[PDB]
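Participant: generate a structure from the sequence data that follows.
(one chain, ligands or ions: 2)
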Amino acid sequence: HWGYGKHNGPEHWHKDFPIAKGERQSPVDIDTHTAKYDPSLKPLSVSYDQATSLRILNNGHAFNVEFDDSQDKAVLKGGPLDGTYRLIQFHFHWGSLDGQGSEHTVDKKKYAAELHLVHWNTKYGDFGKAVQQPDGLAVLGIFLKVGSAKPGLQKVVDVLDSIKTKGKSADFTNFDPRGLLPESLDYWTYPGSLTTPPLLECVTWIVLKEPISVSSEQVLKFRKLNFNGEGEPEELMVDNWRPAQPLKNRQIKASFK
Ligand SMILES: NS(=O)(=O)c1ccc(O)c(NC(=O)NCc2ccncc2)c1
Ligand SMILES: [Zn+2]
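Facilitator: Numbering: from 1, shown residues only. Ligands and ions are numbered 1, 2, ... in the order given. Below is the structure:
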């Protein structure tokens, strides 16, 4: 099975998931000079006040903080989106070094990590149906650079010792995802895909211009996770990012000029 190693990493995924070579694959490089400012883009509406986190899970590729998505508690609307998308989970991708780790790049620049807040279009009833649809998901992507700590991330960092290995989960209630958001909600947007298998072309990507800063110690704790299950040989969970894919005939739009 697929992963991020030398024999099963991103360049291998197309053998099991042929859509890996598709027409709207993610991530991509965001060339900020070819991005098109679109005055008709609405501001993003992020309504996380009622969010209910439930638990945190090491799935062998990243860790997911999962939310109750059985009601409109934490929703994303506006921006390029029609209708309401519900937060189901967030996770991150990160590097072995501070100089790499993000999936999207900005003018070929790589950030230390990238946060994905995953939301599904409520008109499809649940996440499983939504991923089968071209407008099924909206993923809000936020870059992390290494600098000052992000206090709102610390509760995530502190529980990672409880989920070191693949398949481990821990109760993780009352986490407020608003503490992971940068000041500005200026964004780029383009149609794309999940960045891990099954690589389905179901995502409206919304990538924030402004990164959040996290401390070196915070991202180091990410790197102490393991891809392997307990009692298997230890392989650090680092470099769990897919590289940029061809833009093909897509234009990236910007909400700001
Ligand atoms: N990166 S993303 O484009 O925001 C994204 C958003 C929502 C997703 O459902 C996926 N993809 C998966 O969930 N794949 C199954 C899986 C992945 C990792 N480990 C175990 C199982 C990727
Ligand atoms: Zn992701």
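Participant: going forward, measure contacts between C-alpha atoms and count neighbours the same way
Facilitator: Will do.
Participant: give the buried residues for stretch 214-228.
Facilitator: 214, 215, 218, 219, 220, 222, 223, 224, 225, 226, 227, 228 (16 or more other C-alpha atoms under 10 Å).
Participant: how about the second one, nearest residue that isn't a chain neighbour?
Facilitator: Among residues not flanking residue 215 along the chain, residue 149 sits closest, at 4.1 Å (C-alpha to C-alpha, 6 or more residues apart in numbering).
Participant: which ones are touching the one you found?
Facilitator: 213, 214, 215, 216, 218 (C-alpha atoms under 8 Å, 6 or more residues apart in numbering).
Participant: need the residues of the protein near ligand 1, please.
Facilitator: Residues of the chain lying close to ligand 1 by C-alpha under 6 Å from any ligand atom are 59, 60, 61, 116, 118, 139, 194, 195, 196, 197, 198.
Participant: could you dump those residues into a markdown table with neighbour count added?
Facilitator: Formatted as a markdown table, these follow (neighbours: other C-alpha atoms under 10 Å):
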| residue | neighbour count |
| --- | --- |
| 59 | 18 |
| 60 | 19 |
| 61 | 23 |
| 116 | 21 |
| 118 | 23 |
| 139 | 26 |
| 194 | 22 |
| 195 | 23 |
| 196 | 19 |
| 197 | 17 |
| 198 | 16 |
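Participant: widest-spaced pair of those?
Facilitator: For the residues of the chain next to ligand 1, with distances taken as C-alpha to C-alpha, the pair at the greatest spread is 60 and 139 (20.4 Å).
Participant: which part of the stretch 51-200 of the chain gets nearest to ligand 1, residue-wise?
Facilitator: residue 194 (3.2 Å; C-alpha to the nearest ligand atom).
Participant: run a quick neighbour tally on the closest residue to that residue other than its chain neighbours.
Facilitator: Excluding the flanking residues, the one nearest residue 194 by C-alpha to C-alpha, 6+ apart is residue 200, at 5.5 Å. The burial count assigned to residue 200 is 22, neighbours taken as other C-alpha atoms under 10 Å.
Participant: roughly how far does residue 200 sit from residue 21?
Facilitator: 11 Å (C-alpha to C-alpha, to the nearest Å).
Participant: on the three-state scheme, the residue nearest to residue 194 is what?
Facilitator: coil (DSSP: H, G, I helix; E, B strand; the rest coil).
Participant: in this structure it contacts residue 129, no?
Facilitator: No - counting by C-alpha atoms under 8 Å, residue 129 is not a contact partner of residue 200; they are 11.9 Å apart.
Participant: can you show me the helices along this structure?
Facilitator: Secondary structure of the chain by DSSP state H: the helices cover 127-130, 154-159, 216-222.
Participant: now render those helices as a markdown table, adding distance to residue 67.
Facilitator: Formatted as a markdown table, the helices of the chain follow (distance: least, C-alpha to C-alpha, whole Å):
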| stretch | distance to residue 67 |
| --- | --- |
| helix 127-130 | 12 |
| helix 154-159 | 14 |
| helix 216-222 | 20 |
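Participant: could you export the residues of the chain next to ligand 1 as JSON lines, including distance to residue 36?
Facilitator: Shown next, in JSON lines, are those (distance: C-alpha to C-alpha, whole Å):
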{"residue": "59", "distance to residue 36": "37"}
{"residue": "60", "distance to residue 36": "37"}
{"residue": "61", "distance to residue 36": "33"}
{"residue": "116", "distance to residue 36": "23"}
{"residue": "118", "distance to residue 36": "24"}
{"residue": "139", "distance to residue 36": "20"}
{"residue": "194", "distance to residue 36": "23"}
{"residue": "195", "distance to residue 36": "23"}
{"residue": "196", "distance to residue 36": "27"}
{"residue": "197", "distance to residue 36": "29"}
{"residue": "198", "distance to residue 36": "29"}
